[PDB]
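Structure file upload.txt (compact mmCIF, N, CA and C atoms) is printed below.
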```txt
# COMPACT_ATOMS: atom_id res chain seq x y z
N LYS S 6 0.81 -1.24 0.00
CA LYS S 6 0.00 0.00 0.00
C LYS S 6 0.85 1.30 0.00
N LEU S 7 0.43 2.44 -0.52
CA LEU S 7 1.28 3.62 -0.49
C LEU S 7 1.30 4.24 0.90
N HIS S 8 2.42 4.81 1.32
CA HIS S 8 2.40 5.50 2.60
C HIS S 8 3.03 6.88 2.63
N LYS S 9 2.50 7.80 3.40
CA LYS S 9 3.08 9.12 3.50
C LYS S 9 4.30 9.20 4.41
N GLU S 10 5.34 9.91 4.02
CA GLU S 10 6.53 10.15 4.83
C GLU S 10 6.79 11.65 5.05
N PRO S 11 7.37 12.09 6.16
CA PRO S 11 7.63 13.51 6.43
C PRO S 11 8.73 14.09 5.58
N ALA S 12 8.65 15.36 5.25
CA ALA S 12 9.76 15.99 4.56
C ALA S 12 9.73 17.45 5.02
N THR S 13 10.80 18.19 4.75
CA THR S 13 10.82 19.62 5.11
C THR S 13 11.11 20.48 3.91
N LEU S 14 10.37 21.55 3.68
CA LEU S 14 10.63 22.39 2.52
C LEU S 14 12.01 23.05 2.53
N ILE S 15 12.80 22.93 1.48
CA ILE S 15 13.98 23.75 1.40
C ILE S 15 13.54 24.92 0.48
N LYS S 16 13.06 24.65 -0.75
CA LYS S 16 12.75 25.70 -1.74
C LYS S 16 11.79 25.28 -2.85
N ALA S 17 10.78 26.07 -3.23
CA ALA S 17 9.96 25.74 -4.38
C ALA S 17 10.67 26.21 -5.63
N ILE S 18 10.78 25.42 -6.69
CA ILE S 18 11.58 25.81 -7.83
C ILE S 18 10.79 26.17 -9.07
N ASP S 19 9.75 25.40 -9.31
CA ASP S 19 8.88 25.61 -10.48
C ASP S 19 7.46 25.13 -10.14
N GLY S 20 6.43 25.21 -10.97
CA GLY S 20 5.16 24.63 -10.57
C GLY S 20 5.20 23.11 -10.33
N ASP S 21 6.10 22.37 -11.00
CA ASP S 21 6.15 20.91 -10.96
C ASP S 21 7.36 20.33 -10.18
N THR S 22 8.16 21.21 -9.59
CA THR S 22 9.40 20.83 -8.91
C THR S 22 9.67 21.58 -7.63
N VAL S 23 9.94 20.86 -6.56
CA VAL S 23 10.24 21.49 -5.28
C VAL S 23 11.46 20.83 -4.64
N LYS S 24 12.33 21.57 -3.96
CA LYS S 24 13.44 20.94 -3.26
C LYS S 24 13.06 20.71 -1.80
N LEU S 25 13.20 19.48 -1.32
CA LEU S 25 12.84 19.09 0.04
C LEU S 25 13.98 18.43 0.79
N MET S 26 13.99 18.54 2.11
CA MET S 26 14.89 17.76 2.96
C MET S 26 14.15 16.46 3.29
N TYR S 27 14.68 15.34 2.80
CA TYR S 27 14.03 14.04 2.96
C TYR S 27 15.06 13.05 3.50
N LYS S 28 14.74 12.46 4.64
CA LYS S 28 15.61 11.56 5.43
C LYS S 28 17.01 12.16 5.62
N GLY S 29 17.00 13.44 6.02
CA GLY S 29 18.23 14.18 6.28
C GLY S 29 19.00 14.60 5.04
N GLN S 30 18.54 14.31 3.81
CA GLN S 30 19.25 14.74 2.61
C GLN S 30 18.46 15.75 1.74
N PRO S 31 19.01 16.87 1.19
CA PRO S 31 18.35 17.70 0.20
C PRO S 31 18.20 16.93 -1.08
N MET S 32 16.96 16.98 -1.53
CA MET S 32 16.53 16.31 -2.73
C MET S 32 15.59 17.18 -3.54
N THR S 33 15.72 17.12 -4.86
CA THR S 33 14.77 17.73 -5.79
C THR S 33 13.68 16.70 -6.14
N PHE S 34 12.42 17.10 -5.96
CA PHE S 34 11.27 16.29 -6.32
C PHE S 34 10.49 16.86 -7.50
N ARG S 35 10.17 15.93 -8.38
CA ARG S 35 9.34 16.20 -9.51
C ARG S 35 7.95 15.68 -9.16
N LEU S 36 6.92 16.49 -9.27
CA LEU S 36 5.56 16.01 -8.93
C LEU S 36 5.06 14.96 -9.92
N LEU S 37 4.76 13.78 -9.42
CA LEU S 37 4.20 12.73 -10.28
C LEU S 37 2.91 13.07 -11.01
N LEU S 38 2.82 12.61 -12.26
CA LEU S 38 1.61 12.61 -13.09
C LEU S 38 1.07 13.91 -13.59
N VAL S 39 1.73 15.04 -13.32
CA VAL S 39 1.22 16.31 -13.81
C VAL S 39 2.20 17.09 -14.66
N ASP S 40 1.77 17.81 -15.68
CA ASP S 40 2.64 18.71 -16.40
C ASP S 40 2.17 20.13 -16.22
N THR S 41 2.97 20.97 -15.60
CA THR S 41 2.63 22.37 -15.45
C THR S 41 3.26 23.21 -16.55
N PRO S 42 2.75 24.37 -16.95
CA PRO S 42 3.50 25.31 -17.77
C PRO S 42 4.80 25.70 -17.04
N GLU S 43 5.86 25.98 -17.78
CA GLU S 43 7.12 26.20 -17.09
C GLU S 43 7.64 27.62 -17.08
N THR S 44 8.38 27.96 -16.02
CA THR S 44 9.18 29.18 -16.03
C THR S 44 10.62 28.79 -16.43
N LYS S 45 11.09 27.60 -16.00
CA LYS S 45 12.38 27.02 -16.43
C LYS S 45 12.30 25.84 -17.43
N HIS S 46 11.59 26.14 -18.52
CA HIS S 46 11.49 25.18 -19.62
C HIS S 46 12.75 25.25 -20.52
N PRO S 47 13.44 24.11 -20.73
CA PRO S 47 14.74 24.06 -21.45
C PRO S 47 14.71 24.71 -22.83
N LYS S 48 13.64 24.48 -23.61
CA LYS S 48 13.49 25.09 -24.94
C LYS S 48 12.67 26.37 -25.09
N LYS S 49 11.31 26.32 -25.10
CA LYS S 49 10.53 27.57 -25.12
C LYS S 49 10.68 28.35 -23.81
N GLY S 50 10.78 29.70 -23.84
CA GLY S 50 11.07 30.51 -22.63
C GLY S 50 9.85 31.00 -21.83
N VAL S 51 9.70 30.68 -20.52
CA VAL S 51 8.52 31.00 -19.68
C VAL S 51 7.14 31.00 -20.34
N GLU S 52 6.53 29.81 -20.32
CA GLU S 52 5.24 29.55 -20.95
C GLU S 52 4.04 30.22 -20.27
N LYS S 53 2.89 30.35 -20.96
CA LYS S 53 1.73 31.00 -20.36
C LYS S 53 1.12 30.14 -19.27
N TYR S 54 0.90 30.77 -18.10
CA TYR S 54 0.46 30.20 -16.82
C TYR S 54 1.62 29.55 -16.06
N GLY S 55 2.85 29.60 -16.56
CA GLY S 55 4.05 29.15 -15.84
C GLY S 55 4.27 29.95 -14.56
N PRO S 56 4.23 31.30 -14.54
CA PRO S 56 4.29 32.10 -13.33
C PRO S 56 3.22 31.79 -12.29
N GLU S 57 2.00 31.63 -12.79
CA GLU S 57 0.83 31.30 -12.00
C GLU S 57 0.91 29.90 -11.36
N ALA S 58 1.30 28.85 -12.11
CA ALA S 58 1.49 27.49 -11.57
C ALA S 58 2.68 27.49 -10.62
N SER S 59 3.78 28.19 -10.94
CA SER S 59 4.86 28.38 -9.96
C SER S 59 4.44 29.06 -8.65
N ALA S 60 3.67 30.15 -8.73
CA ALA S 60 3.22 30.84 -7.52
C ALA S 60 2.26 30.00 -6.68
N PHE S 61 1.40 29.23 -7.35
CA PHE S 61 0.47 28.36 -6.67
C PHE S 61 1.22 27.24 -5.92
N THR S 62 2.14 26.47 -6.56
CA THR S 62 2.92 25.46 -5.83
C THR S 62 3.71 26.10 -4.69
N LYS S 63 4.31 27.26 -4.95
CA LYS S 63 5.08 27.98 -3.93
C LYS S 63 4.22 28.40 -2.75
N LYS S 64 3.04 28.97 -2.97
CA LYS S 64 2.28 29.45 -1.82
C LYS S 64 1.79 28.26 -1.04
N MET S 65 1.37 27.19 -1.74
CA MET S 65 0.91 25.97 -1.06
C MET S 65 1.99 25.28 -0.23
N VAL S 66 3.23 25.09 -0.70
CA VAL S 66 4.22 24.45 0.19
C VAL S 66 4.80 25.38 1.27
N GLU S 67 4.92 26.67 0.93
CA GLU S 67 5.43 27.58 1.94
C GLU S 67 4.48 27.85 3.05
N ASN S 68 3.17 27.86 2.83
CA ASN S 68 2.24 28.04 3.96
C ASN S 68 1.79 26.82 4.78
N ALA S 69 2.30 25.65 4.38
CA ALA S 69 2.00 24.40 5.05
C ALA S 69 2.64 24.19 6.43
N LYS S 70 1.90 23.71 7.43
CA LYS S 70 2.53 23.21 8.67
C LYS S 70 3.33 21.92 8.45
N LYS S 71 2.76 20.97 7.71
CA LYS S 71 3.35 19.65 7.52
C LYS S 71 3.40 19.32 6.04
N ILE S 72 4.56 19.10 5.49
CA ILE S 72 4.68 18.53 4.14
C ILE S 72 5.01 17.02 4.24
N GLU S 73 4.32 16.22 3.42
CA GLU S 73 4.57 14.78 3.35
C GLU S 73 4.79 14.35 1.90
N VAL S 74 5.65 13.36 1.66
CA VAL S 74 5.86 12.83 0.33
C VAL S 74 5.32 11.41 0.31
N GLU S 75 4.75 11.02 -0.81
CA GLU S 75 4.20 9.68 -0.98
C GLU S 75 4.78 9.11 -2.30
N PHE S 76 5.72 8.16 -2.25
CA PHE S 76 6.23 7.54 -3.46
C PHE S 76 5.20 6.61 -4.04
N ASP S 77 5.20 6.37 -5.34
CA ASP S 77 4.25 5.40 -5.88
C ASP S 77 4.87 3.98 -5.87
N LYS S 78 4.32 3.02 -6.62
CA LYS S 78 4.74 1.61 -6.58
C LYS S 78 5.97 1.32 -7.41
N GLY S 79 6.32 2.19 -8.35
CA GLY S 79 7.44 1.92 -9.22
C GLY S 79 8.74 2.61 -8.83
N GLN S 80 9.52 3.03 -9.84
CA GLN S 80 10.74 3.76 -9.56
C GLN S 80 10.47 5.12 -8.85
N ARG S 81 11.38 5.35 -7.92
CA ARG S 81 11.28 6.53 -7.07
C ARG S 81 12.08 7.74 -7.48
N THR S 82 13.00 7.59 -8.42
CA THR S 82 13.73 8.74 -8.96
C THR S 82 13.75 8.67 -10.50
N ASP S 83 13.66 9.80 -11.21
CA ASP S 83 13.79 9.79 -12.67
C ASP S 83 15.25 9.81 -13.15
N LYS S 84 15.55 9.91 -14.45
CA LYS S 84 16.94 9.90 -14.93
C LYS S 84 17.81 11.10 -14.51
N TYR S 85 17.17 12.19 -14.09
CA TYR S 85 17.90 13.35 -13.58
C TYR S 85 18.17 13.25 -12.10
N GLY S 86 17.83 12.13 -11.42
CA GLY S 86 18.07 12.06 -9.97
C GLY S 86 16.96 12.73 -9.15
N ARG S 87 15.88 13.22 -9.76
CA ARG S 87 14.76 13.78 -8.99
C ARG S 87 13.84 12.72 -8.36
N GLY S 88 13.41 12.88 -7.11
CA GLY S 88 12.43 11.97 -6.51
C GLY S 88 11.08 12.12 -7.22
N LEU S 89 10.38 11.04 -7.45
CA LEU S 89 9.08 11.05 -8.14
C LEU S 89 8.03 10.75 -7.09
N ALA S 90 7.20 11.71 -6.74
CA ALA S 90 6.26 11.52 -5.63
C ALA S 90 5.00 12.38 -5.69
N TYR S 91 4.00 12.00 -4.90
CA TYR S 91 2.81 12.82 -4.66
C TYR S 91 3.18 13.62 -3.43
N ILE S 92 3.01 14.91 -3.48
CA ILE S 92 3.41 15.75 -2.35
C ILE S 92 2.17 16.30 -1.71
N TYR S 93 2.11 16.17 -0.40
CA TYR S 93 0.99 16.66 0.39
C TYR S 93 1.28 17.86 1.31
N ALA S 94 0.52 18.96 1.28
CA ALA S 94 0.72 20.10 2.17
C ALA S 94 -0.48 20.10 3.09
N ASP S 95 -0.28 19.86 4.37
CA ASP S 95 -1.39 19.74 5.34
C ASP S 95 -2.50 18.82 4.92
N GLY S 96 -2.10 17.69 4.40
CA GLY S 96 -3.08 16.72 3.98
C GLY S 96 -3.68 16.91 2.59
N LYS S 97 -3.40 18.02 1.87
CA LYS S 97 -3.96 18.23 0.53
C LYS S 97 -2.89 17.91 -0.51
N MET S 98 -3.21 17.10 -1.53
CA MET S 98 -2.18 16.71 -2.48
C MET S 98 -1.89 17.89 -3.42
N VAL S 99 -0.68 18.43 -3.48
CA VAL S 99 -0.34 19.54 -4.36
C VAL S 99 -0.56 19.11 -5.80
N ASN S 100 -0.24 17.85 -6.17
CA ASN S 100 -0.39 17.46 -7.57
C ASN S 100 -1.85 17.62 -7.99
N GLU S 101 -2.81 17.20 -7.12
CA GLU S 101 -4.26 17.31 -7.49
C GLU S 101 -4.71 18.76 -7.46
N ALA S 102 -4.35 19.52 -6.41
CA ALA S 102 -4.69 20.94 -6.34
C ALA S 102 -4.37 21.71 -7.62
N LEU S 103 -3.20 21.45 -8.21
CA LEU S 103 -2.81 22.12 -9.47
C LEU S 103 -3.73 21.76 -10.63
N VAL S 104 -4.01 20.47 -10.82
CA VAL S 104 -4.88 19.98 -11.87
C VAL S 104 -6.30 20.55 -11.67
N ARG S 105 -6.84 20.52 -10.44
CA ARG S 105 -8.17 21.07 -10.16
C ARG S 105 -8.31 22.56 -10.50
N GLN S 106 -7.24 23.35 -10.40
CA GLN S 106 -7.28 24.76 -10.79
C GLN S 106 -6.98 24.99 -12.27
N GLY S 107 -6.84 23.96 -13.09
CA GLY S 107 -6.47 24.17 -14.47
C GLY S 107 -5.10 24.79 -14.56
N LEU S 108 -4.17 24.57 -13.60
CA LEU S 108 -2.78 25.05 -13.72
C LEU S 108 -1.78 23.94 -14.06
N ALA S 109 -2.33 22.78 -14.38
CA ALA S 109 -1.61 21.58 -14.79
C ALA S 109 -2.53 20.65 -15.57
N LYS S 110 -1.91 19.88 -16.46
CA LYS S 110 -2.54 18.85 -17.28
C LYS S 110 -2.12 17.49 -16.73
N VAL S 111 -2.89 16.41 -16.71
CA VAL S 111 -2.40 15.11 -16.27
C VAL S 111 -1.41 14.64 -17.33
N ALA S 112 -0.18 14.32 -16.95
CA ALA S 112 0.89 13.84 -17.85
C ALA S 112 0.64 12.51 -18.53
N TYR S 113 1.50 12.17 -19.48
CA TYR S 113 1.49 10.82 -20.05
C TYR S 113 1.88 9.89 -18.87
N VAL S 114 0.99 8.98 -18.53
CA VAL S 114 1.25 8.13 -17.39
C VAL S 114 1.94 6.78 -17.64
N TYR S 115 2.93 6.50 -16.80
CA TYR S 115 3.71 5.28 -16.91
C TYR S 115 3.51 4.30 -15.74
N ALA S 116 2.83 3.18 -15.96
CA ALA S 116 2.71 2.12 -14.95
C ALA S 116 4.07 1.57 -14.52
N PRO S 117 4.32 1.14 -13.28
CA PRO S 117 3.35 1.12 -12.20
C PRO S 117 3.24 2.45 -11.43
N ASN S 118 3.89 3.54 -11.84
CA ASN S 118 3.69 4.85 -11.19
C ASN S 118 2.43 5.56 -11.70
N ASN S 119 1.30 4.96 -11.30
CA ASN S 119 0.01 5.46 -11.78
C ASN S 119 -1.18 5.32 -10.86
N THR S 120 -0.89 5.09 -9.58
CA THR S 120 -1.94 4.84 -8.60
C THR S 120 -2.98 5.94 -8.54
N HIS S 121 -2.61 7.21 -8.56
CA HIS S 121 -3.63 8.24 -8.46
C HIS S 121 -4.07 8.76 -9.81
N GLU S 122 -3.85 8.03 -10.91
CA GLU S 122 -4.18 8.58 -12.22
C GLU S 122 -5.67 8.93 -12.41
N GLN S 123 -6.53 8.01 -11.97
CA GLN S 123 -7.97 8.22 -12.13
C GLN S 123 -8.50 9.38 -11.29
N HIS S 124 -7.96 9.52 -10.09
CA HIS S 124 -8.30 10.64 -9.23
C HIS S 124 -7.92 11.96 -9.91
N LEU S 125 -6.73 12.04 -10.50
CA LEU S 125 -6.34 13.26 -11.18
C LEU S 125 -7.09 13.55 -12.49
N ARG S 126 -7.41 12.52 -13.29
CA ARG S 126 -8.16 12.78 -14.53
C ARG S 126 -9.55 13.33 -14.19
N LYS S 127 -10.13 12.90 -13.07
CA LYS S 127 -11.42 13.41 -12.62
C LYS S 127 -11.38 14.88 -12.29
N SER S 128 -10.30 15.32 -11.63
CA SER S 128 -10.11 16.75 -11.37
C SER S 128 -9.81 17.54 -12.59
N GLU S 129 -9.04 16.98 -13.52
CA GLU S 129 -8.82 17.68 -14.79
C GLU S 129 -10.12 17.86 -15.60
N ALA S 130 -10.98 16.83 -15.62
CA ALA S 130 -12.25 16.94 -16.34
C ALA S 130 -13.15 18.01 -15.69
N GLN S 131 -13.17 18.10 -14.36
CA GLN S 131 -13.83 19.24 -13.68
C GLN S 131 -13.20 20.61 -13.99
N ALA S 132 -11.86 20.85 -13.90
CA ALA S 132 -11.25 22.13 -14.33
C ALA S 132 -11.51 22.49 -15.79
N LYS S 133 -11.55 21.48 -16.67
CA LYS S 133 -11.87 21.72 -18.08
C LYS S 133 -13.35 22.13 -18.25
N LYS S 134 -14.24 21.39 -17.55
CA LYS S 134 -15.68 21.64 -17.47
C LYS S 134 -15.93 23.04 -16.95
N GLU S 135 -15.18 23.52 -15.96
CA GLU S 135 -15.26 24.91 -15.46
C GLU S 135 -14.48 25.97 -16.23
N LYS S 136 -13.80 25.60 -17.33
CA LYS S 136 -12.96 26.48 -18.16
C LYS S 136 -11.90 27.31 -17.44
N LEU S 137 -11.22 26.67 -16.49
CA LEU S 137 -10.23 27.35 -15.68
C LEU S 137 -8.81 27.52 -16.25
N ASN S 138 -8.21 28.71 -16.19
CA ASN S 138 -6.82 28.96 -16.55
C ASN S 138 -6.35 28.27 -17.84
N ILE S 139 -5.57 27.18 -17.85
CA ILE S 139 -5.19 26.45 -19.07
C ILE S 139 -6.37 26.18 -20.00
N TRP S 140 -7.51 25.90 -19.40
CA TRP S 140 -8.71 25.57 -20.14
C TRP S 140 -9.64 26.75 -20.46
N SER S 141 -9.24 28.01 -20.28
CA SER S 141 -10.15 29.09 -20.62
C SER S 141 -10.10 29.49 -22.11
```
Can I see the file as structure tokens?
Amino acid sequence: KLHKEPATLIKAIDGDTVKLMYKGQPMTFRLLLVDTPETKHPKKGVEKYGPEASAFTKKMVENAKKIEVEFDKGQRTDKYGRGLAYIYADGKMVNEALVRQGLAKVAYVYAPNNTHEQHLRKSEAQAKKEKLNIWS
């Protein structure tokens, strides 16, 4: 079964990436299953809603009492050495919060790292139905 573990915020970096202190080590985490517009996109420069998705992830992790990370069933780090996880701020999943506001799209999903896929597609269909941000 998946389980939540404690972590401490070091720094929010982009809408889809945050640096955390996890088991005493600084680590960069990539939020599982979501694609946000980027401020640090390697090719196209600062995409539309990239500032907004960055500010939303930033305000959510910085105002949290407790941050928790939840790894999925498969690999826990990507090829860049980033941890792949669902991140929770006071019990609310940041990955879902972004999708529900139309500040993220559900990514191309890779099994077995796909446990919350259906939960996120449901929130994306609601943000699209409400014509929010990305979907306006």
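Proximity of S:45, S:133, S:64, S:78 to residue 107 of chain S, computed with all atoms listed in the file, is greatest for S:133.
Minimum atom-to-atom distance to residue 41 of chain S, evaluated using only N, CA and C atoms, belongs to S:110 out of S:127, S:110, S:9, S:87.
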Which of segment 32-126 of chain S fall in strand (DSSP E or B), as an mmCIF file with N, CA and C atoms, keeping the file's coordinate frame:
```cif
data_model
loop_
_atom_site.group_PDB
_atom_site.id
_atom_site.type_symbol
_atom_site.label_atom_id
_atom_site.label_comp_id
_atom_site.auth_asym_id
_atom_site.auth_seq_id
_atom_site.Cartn_x
_atom_site.Cartn_y
_atom_site.Cartn_z
ATOM 1 N N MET S 32 16.960 16.980 -1.530
ATOM 2 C CA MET S 32 16.530 16.310 -2.730
ATOM 3 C C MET S 32 15.590 17.180 -3.540
ATOM 4 N N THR S 33 15.720 17.120 -4.860
ATOM 5 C CA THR S 33 14.770 17.730 -5.790
ATOM 6 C C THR S 33 13.680 16.700 -6.140
ATOM 7 N N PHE S 34 12.420 17.100 -5.960
ATOM 8 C CA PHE S 34 11.270 16.290 -6.320
ATOM 9 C C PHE S 34 10.490 16.860 -7.500
ATOM 10 N N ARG S 35 10.170 15.930 -8.380
ATOM 11 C CA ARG S 35 9.340 16.200 -9.510
ATOM 12 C C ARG S 35 7.950 15.680 -9.160
ATOM 13 N N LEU S 36 6.920 16.490 -9.270
ATOM 14 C CA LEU S 36 5.560 16.010 -8.930
ATOM 15 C C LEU S 36 5.060 14.960 -9.920
ATOM 16 N N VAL S 39 1.730 15.040 -13.320
ATOM 17 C CA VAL S 39 1.220 16.310 -13.810
ATOM 18 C C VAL S 39 2.200 17.090 -14.660
ATOM 19 N N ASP S 40 1.770 17.810 -15.680
ATOM 20 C CA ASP S 40 2.640 18.710 -16.400
ATOM 21 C C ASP S 40 2.170 20.130 -16.220
ATOM 22 N N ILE S 72 4.560 19.100 5.490
ATOM 23 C CA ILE S 72 4.680 18.530 4.140
ATOM 24 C C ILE S 72 5.010 17.020 4.240
ATOM 25 N N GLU S 73 4.320 16.220 3.420
ATOM 26 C CA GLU S 73 4.570 14.780 3.350
ATOM 27 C C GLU S 73 4.790 14.350 1.900
ATOM 28 N N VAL S 74 5.650 13.360 1.660
ATOM 29 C CA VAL S 74 5.860 12.830 0.330
ATOM 30 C C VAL S 74 5.320 11.410 0.310
ATOM 31 N N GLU S 75 4.750 11.020 -0.810
ATOM 32 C CA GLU S 75 4.200 9.680 -0.980
ATOM 33 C C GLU S 75 4.780 9.110 -2.300
ATOM 34 N N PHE S 76 5.720 8.160 -2.250
ATOM 35 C CA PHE S 76 6.230 7.540 -3.460
ATOM 36 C C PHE S 76 5.200 6.610 -4.040
ATOM 37 N N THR S 82 13.000 7.590 -8.420
ATOM 38 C CA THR S 82 13.730 8.740 -8.960
ATOM 39 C C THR S 82 13.750 8.670 -10.500
ATOM 40 N N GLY S 88 13.410 12.880 -7.110
ATOM 41 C CA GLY S 88 12.430 11.970 -6.510
ATOM 42 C C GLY S 88 11.080 12.120 -7.220
ATOM 43 N N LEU S 89 10.380 11.040 -7.450
ATOM 44 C CA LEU S 89 9.080 11.050 -8.140
ATOM 45 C C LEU S 89 8.030 10.750 -7.090
ATOM 46 N N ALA S 90 7.200 11.710 -6.740
ATOM 47 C CA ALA S 90 6.260 11.520 -5.630
ATOM 48 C C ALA S 90 5.000 12.380 -5.690
ATOM 49 N N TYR S 91 4.000 12.000 -4.900
ATOM 50 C CA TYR S 91 2.810 12.820 -4.660
ATOM 51 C C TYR S 91 3.180 13.620 -3.430
ATOM 52 N N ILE S 92 3.010 14.910 -3.480
ATOM 53 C CA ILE S 92 3.410 15.750 -2.350
ATOM 54 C C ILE S 92 2.170 16.300 -1.710
ATOM 55 N N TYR S 93 2.110 16.170 -0.400
ATOM 56 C CA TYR S 93 0.990 16.660 0.390
ATOM 57 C C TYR S 93 1.280 17.860 1.310
ATOM 58 N N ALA S 94 0.520 18.960 1.280
ATOM 59 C CA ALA S 94 0.720 20.100 2.170
ATOM 60 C C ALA S 94 -0.480 20.100 3.090
ATOM 61 N N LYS S 97 -3.400 18.020 1.870
ATOM 62 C CA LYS S 97 -3.960 18.230 0.530
ATOM 63 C C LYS S 97 -2.890 17.910 -0.510
ATOM 64 N N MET S 98 -3.210 17.100 -1.530
ATOM 65 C CA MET S 98 -2.180 16.710 -2.480
ATOM 66 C C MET S 98 -1.890 17.890 -3.420
ATOM 67 N N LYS S 110 -1.910 19.880 -16.460
ATOM 68 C CA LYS S 110 -2.540 18.850 -17.280
ATOM 69 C C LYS S 110 -2.120 17.490 -16.730
ATOM 70 N N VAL S 111 -2.890 16.410 -16.710
ATOM 71 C CA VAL S 111 -2.400 15.110 -16.270
ATOM 72 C C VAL S 111 -1.410 14.640 -17.330
ATOM 73 N N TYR S 115 2.930 6.500 -16.800
ATOM 74 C CA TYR S 115 3.710 5.280 -16.910
ATOM 75 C C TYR S 115 3.510 4.300 -15.740
ATOM 76 N N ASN S 118 3.890 3.540 -11.840
ATOM 77 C CA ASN S 118 3.690 4.850 -11.190
ATOM 78 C C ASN S 118 2.430 5.560 -11.700
#
```
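Restricting the calculation to only N, CA and C atoms, the smallest distance between residue 76 of chain S and any of S:132, S:39, S:32, S:7 is found for S:7.
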Q: From a DSSP pass on the backbone, collect the residues of chain S flagged as helix (DSSP H, G or I) and hand them back as a ChimeraX atom specification.
A: /S:55-67,99-105,122-134,138-140
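Counting all atoms listed in the file, the residue from S:53, S:126, S:48, S:97 that sits nearest to residue 111 of chain S is S:126.
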Q | Residue among S:125, S:58, S:74, S:108 lying closest to residue 12 of chain S, counting only N, CA and C atoms | A | S:74
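Atom N of residue 93 of chain S is found 12.9 Å from atom C of residue 33 of chain S.
Within the 5 Å cut-off around residue 34 of chain S, using all atoms listed in the file and omitting residues fewer than 2 positions from it on the same chain, the listed residues are residues 22, 23, 24, 32, 36, 87 and 88 of chain S.
Counting from atom CA of residue 77 of chain S, the distance to atom CA of residue 15 of chain S is 22.0 Å.
Using all atoms listed in the file, the nearest neighbour of residue 72 of chain S within the list S:29, S:56, S:42, S:11 is S:11.
Note that the spacing between atom N of residue 98 of chain S and atom N of residue 16 of chain S amounts to 18.0 Å.
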Q: Write out as a ChimeraX atom specification which residues come within 12 Å of residue 61 of chain S when counting only C-alpha atoms, dropping same-chain ones fewer than 5 positions away.
A: /S:17-22,41-42,54-56,66-68,99-100,102-109
Missing atoms of segment 43-54 of chain S rebuilt to N, CA, C and O atoms, written as an mmCIF file, keeping the file's coordinate frame:
```
data_model
loop_
_atom_site.group_PDB
_atom_site.id
_atom_site.type_symbol
_atom_site.label_atom_id
_atom_site.label_comp_id
_atom_site.auth_asym_id
_atom_site.auth_seq_id
_atom_site.Cartn_x
_atom_site.Cartn_y
_atom_site.Cartn_z
ATOM 1 N N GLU S 43 5.860 25.980 -17.780
ATOM 2 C CA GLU S 43 7.120 26.200 -17.090
ATOM 3 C C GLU S 43 7.640 27.620 -17.080
ATOM 4 O O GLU S 43 7.243 28.414 -17.919
ATOM 5 N N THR S 44 8.380 27.960 -16.020
ATOM 6 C CA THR S 44 9.180 29.180 -16.030
ATOM 7 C C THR S 44 10.620 28.790 -16.430
ATOM 8 O O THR S 44 11.287 29.487 -17.197
ATOM 9 N N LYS S 45 11.090 27.600 -16.000
ATOM 10 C CA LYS S 45 12.380 27.020 -16.430
ATOM 11 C C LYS S 45 12.300 25.840 -17.430
ATOM 12 O O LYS S 45 12.793 24.708 -17.275
ATOM 13 N N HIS S 46 11.590 26.140 -18.520
ATOM 14 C CA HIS S 46 11.490 25.180 -19.620
ATOM 15 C C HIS S 46 12.750 25.250 -20.520
ATOM 16 O O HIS S 46 13.025 26.284 -21.144
ATOM 17 N N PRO S 47 13.440 24.110 -20.730
ATOM 18 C CA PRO S 47 14.740 24.060 -21.450
ATOM 19 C C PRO S 47 14.710 24.710 -22.830
ATOM 20 O O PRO S 47 15.640 25.403 -23.196
ATOM 21 N N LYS S 48 13.640 24.480 -23.610
ATOM 22 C CA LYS S 48 13.490 25.090 -24.940
ATOM 23 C C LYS S 48 12.670 26.370 -25.090
ATOM 24 O O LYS S 48 13.232 27.452 -25.308
ATOM 25 N N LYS S 49 11.310 26.320 -25.100
ATOM 26 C CA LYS S 49 10.530 27.570 -25.120
ATOM 27 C C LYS S 49 10.680 28.350 -23.810
ATOM 28 O O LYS S 49 10.766 27.692 -22.759
ATOM 29 N N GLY S 50 10.780 29.700 -23.840
ATOM 30 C CA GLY S 50 11.070 30.510 -22.630
ATOM 31 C C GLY S 50 9.850 31.000 -21.830
ATOM 32 O O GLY S 50 9.057 31.740 -22.412
ATOM 33 N N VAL S 51 9.700 30.680 -20.520
ATOM 34 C CA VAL S 51 8.520 31.000 -19.680
ATOM 35 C C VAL S 51 7.140 31.000 -20.340
ATOM 36 O O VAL S 51 6.568 31.982 -20.800
ATOM 37 N N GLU S 52 6.530 29.810 -20.320
ATOM 38 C CA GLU S 52 5.240 29.550 -20.950
ATOM 39 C C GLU S 52 4.040 30.220 -20.270
ATOM 40 O O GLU S 52 4.085 30.646 -19.111
ATOM 41 N N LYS S 53 2.890 30.350 -20.960
ATOM 42 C CA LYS S 53 1.730 31.000 -20.360
ATOM 43 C C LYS S 53 1.120 30.140 -19.270
ATOM 44 O O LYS S 53 0.812 28.964 -19.466
ATOM 45 N N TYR S 54 0.900 30.770 -18.100
ATOM 46 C CA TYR S 54 0.460 30.200 -16.820
ATOM 47 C C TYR S 54 1.620 29.550 -16.060
ATOM 48 O O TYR S 54 1.459 29.061 -14.952
#
```
